[PDB]
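Per chain, numbering begins at 1; letters A, B, ... match sequence-line order. Heavy atoms only: backbone and side chains are in, while hydrogens, waters and symmetry mates are out.
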Amino acid sequence: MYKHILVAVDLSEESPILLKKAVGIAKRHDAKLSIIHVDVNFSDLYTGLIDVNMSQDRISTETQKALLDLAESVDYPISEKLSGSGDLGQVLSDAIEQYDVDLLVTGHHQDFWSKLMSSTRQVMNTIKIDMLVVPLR
Amino acid sequence: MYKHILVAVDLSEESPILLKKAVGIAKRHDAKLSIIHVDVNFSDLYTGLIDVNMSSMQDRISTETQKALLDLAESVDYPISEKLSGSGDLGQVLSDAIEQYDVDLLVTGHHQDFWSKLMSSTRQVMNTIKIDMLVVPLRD
């Protein structure tokens, strides 16, 4: 069974629904559940992986509140609240490794997928865990 | 709760791994489990789905590919519902099967290829469907 699920969100209307769905999976697997806000801007200023409860301005007060609000939208405990920017292949690979994630859950948004498809060859990343891609609902 | 899972196998030596993962899920949901193999080809040359189960029953099995699909399905420790084959665009062929057989979970596998290549192929399939899709890594 899964031990730690990570839901990638862009903090849109889609996110709360995606999180509710992941909570359902977490409850069946008795798994830890974490969330990572993904910045899809192509700016390369202060990029990287951030733990929002253990912090920059790359993350804004606006997005900061929205992510904390999303986590409080379900009763299920949220273990890590992260934010990633820059090369998303590298950022997600790092979050999965660092936090021992075994299920990555994502939505359907096009800009998010375009960013994931732009990960570079600088490091030949791959995904070594299951990934559940969730349709629009 | 899922009622019908479809696993798309690439017929590589790691296919059993993908099948075992899919069975584990089918048991948990008490769901039907079907199998499909898509011969990746140009979209313009797609002629429709092939019911390999029906072919078998009418002695129409002609390709080693179809035979391998039947052989693989028979080895699975779970009752298999549909056994399908198609040649064309991955999302095109899978979307068709999903629609025709009321599938609610699609399971696909990859061999841990370069991140962006994987995500690009995944998105292509994702944009042709309206159901959950589990993308599974296959190693060694």
Side-chain angles (χ1 to χ4, degrees), chain A residues 2-44 47-53 58-61 63-71 73-120 125 127 129-137, chain B residues 115-116 119 122-123 126-127 132-133 135:
Chain A
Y2 296 121
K3 307 282 192 295
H4 191 186
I5 298 165
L6 179 66
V7 192
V9 305
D10 60 359
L11 300 177
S12 63
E13 284 186 284
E14 181 198 42
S15 307
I17 303 169
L18 194 59
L19 180 62
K20 283 283 179 184
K21 183 175 178 68
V23 169
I25 296 169
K27 289 173 64 171
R28 295 197 293 279
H29 291 259
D30 288 305
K32 288 195 302 173
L33 183 62
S34 294
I35 299 167
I36 180 168
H37 152 76
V38 165
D39 178 319
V40 301
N41 182 302
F42 289 97
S43 165
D44 60 30
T47 60
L49 177 60
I50 288 176
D51 164 6
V52 179
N53 279 305
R58 168 78 187 199
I59 181 79
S60 57
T61 62
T63 71
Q64 178 209 182
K65 178 198 164 193
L67 176 60
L68 294 176
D69 286 340
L70 170 69
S73 75
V74 293
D75 288 344
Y76 205 85
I78 302 301
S79 291
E80 315 283 353
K81 293 166 204 156
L82 312 171
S83 186
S85 69
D87 188 309
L88 295 194
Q90 186 64 235
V91 164
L92 290 172
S93 289
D94 286 345
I96 292 167
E97 294 278 6
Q98 166 171 177
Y99 301 98
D100 308 291
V101 172
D102 52 10
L103 179 65
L104 172 60
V105 175
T106 78
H108 185 276
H109 294 348
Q110 295 310 299
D111 297 338
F112 168 80
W113 280 92
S114 287
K115 191 62 159 144
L116 293 171
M117 295 162 51
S118 305
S119 180
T120 79
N125 292 299
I127 189 167
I129 62 164
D130 294 348
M131 175 177 63
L132 179 69
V133 182
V134 184
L136 296 173
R137 285 291 185 275
Chain B
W115 181 279
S116 301
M119 301 305 153
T122 296
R123 192 204 63 183
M126 176 192 86
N127 286 332
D132 285 356
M133 171 177 62
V135 181

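- Put simply, CG on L49(A) and CG on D94(A) are 6.5 Å apart, with the number rounded to the nearest 0.5 Å.
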Taking only distance into account, with no hydrogens and no angle test, what donor-acceptor pairs under 3.5 Å do side-chain atoms of residues 16-28 of chain A form with protein atoms, sequence neighbours excluded?
unit_1	atom_1	unit_2	atom_2	d
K21(A)	NZ	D132(B)	OD2	2.8
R28(A)	NH1	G24(A)	O	3.3

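- With a 4.5 Å cut-off on side-chain heavy atoms, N127(B) and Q110(A) count as touching.
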Steps toward side-chain contact (heavy atoms from CB on, under 4.5 Å) verdict (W113(A), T122(B)): CA-CA 9 Å; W113(A) 280 92; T122(B) 296; 3.7 Å; yes
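- To the nearest 0.5 Å, atoms CG (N53(A)) and NZ (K81(A)) are separated by 4.0 Å.
- Between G84(A) and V91(A), the closest heavy-atom pair is CA-CG1, 3.7 Å.
- Taken from CG in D102(A) to CD1 in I5(A), the straight-line distance is 7.5 Å, to the nearest 0.5 Å.
- With sequence neighbours excluded, no residue satisfies ring pair (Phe, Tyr, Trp, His ring centres under 6.0 Å) with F112(A).
- In summary, of the residues considered (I35(A), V134(A), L6(A)), a side-chain contact (heavy atoms from CB on, under 4.5 Å) with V105(A) occurs for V134(A) alone.
- For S34(A), the side-chain hydrogen bond (donor to acceptor under 3.5 Å, both in side chains) partners two or more places apart in sequence, or in a different chain, are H4(A).
- Annotation: side-chain hydrogen bond (donor to acceptor under 3.5 Å, both in side chains) contacts of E13(A) (sequence neighbours excluded): none.
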Step by step, work out the side-chain contact (heavy atoms from CB on, under 4.5 Å) result for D100(A) and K3(A). CA-CA 8 Å; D100(A) 308 291; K3(A) 307 282 192 295; over 6 Å; no
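- Considering only residues two or more places apart in sequence or on other chains, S12(A) meets the side-chain hydrogen bond (donor to acceptor under 3.5 Å, both in side chains) condition with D10(A), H109(A).
- Between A95(A) and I36(A) the shortest heavy-atom distance is CB-CD1, 4.4 Å.
- If you take CD1 on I50(A) and OG on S85(A), they are separated by 6.5 Å, rounding to the nearest 0.5 Å.
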Begin from the C-alpha positions of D51(A) and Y99(A) and carry the test side-chain contact (heavy atoms from CB on, under 4.5 Å) through to its verdict. CA-CA 11 Å; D51(A) 164 6; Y99(A) 301 98; 4.0 Å; yes
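- Every residue meeting the side chain to side chain contact (heavy atoms under 4.5 Å, CB included) condition with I96(A), not counting sequence neighbours, appears here in chain and number order: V101(A), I127(A), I129(A).
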Can you check side-chain contact (heavy atoms from CB on, under 4.5 Å) on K115(A) and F42(A), steps first, answer last? CA-CA 8 Å; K115(A) 191 62 159 144; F42(A) 289 97; 3.7 Å; yes
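- Residues forming a side-chain hydrogen bond (donor to acceptor under 3.5 Å, both in side chains) with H37(A) (at least two apart in sequence, or on another chain): none.
- Remark: of the listed residues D39(A), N41(A), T47(A), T63(A), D39(A) is the sole one forming a side-chain hydrogen bond (donor to acceptor under 3.5 Å, both in side chains) with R58(A).
- The shortest heavy-atom contact between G107(A) and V133(A) is O-CG1, 4.0 Å.
- For the pair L82(A) and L67(A), the tightest heavy-atom approach, listed with the atom from each and the gap, is O-CD2, 3.5 Å.
- Rounding to the nearest 0.5 angstrom, the gap separating the NE2 atom in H108(A) from the CD atom in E14(A) is 8.5 Å.
- Pairing each heavy atom of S116(B) with each of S118(A), the nearest pair is OG-C, 3.9 Å.
- In this structure a side-chain-to-backbone donor-acceptor pair under 3.5 Å is missing from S93(A) to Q90(A).
- Taking OG from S119(A) and CG from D87(A), the interatomic distance works out to 3.5 Å, rounded to the nearest 0.5 Å.
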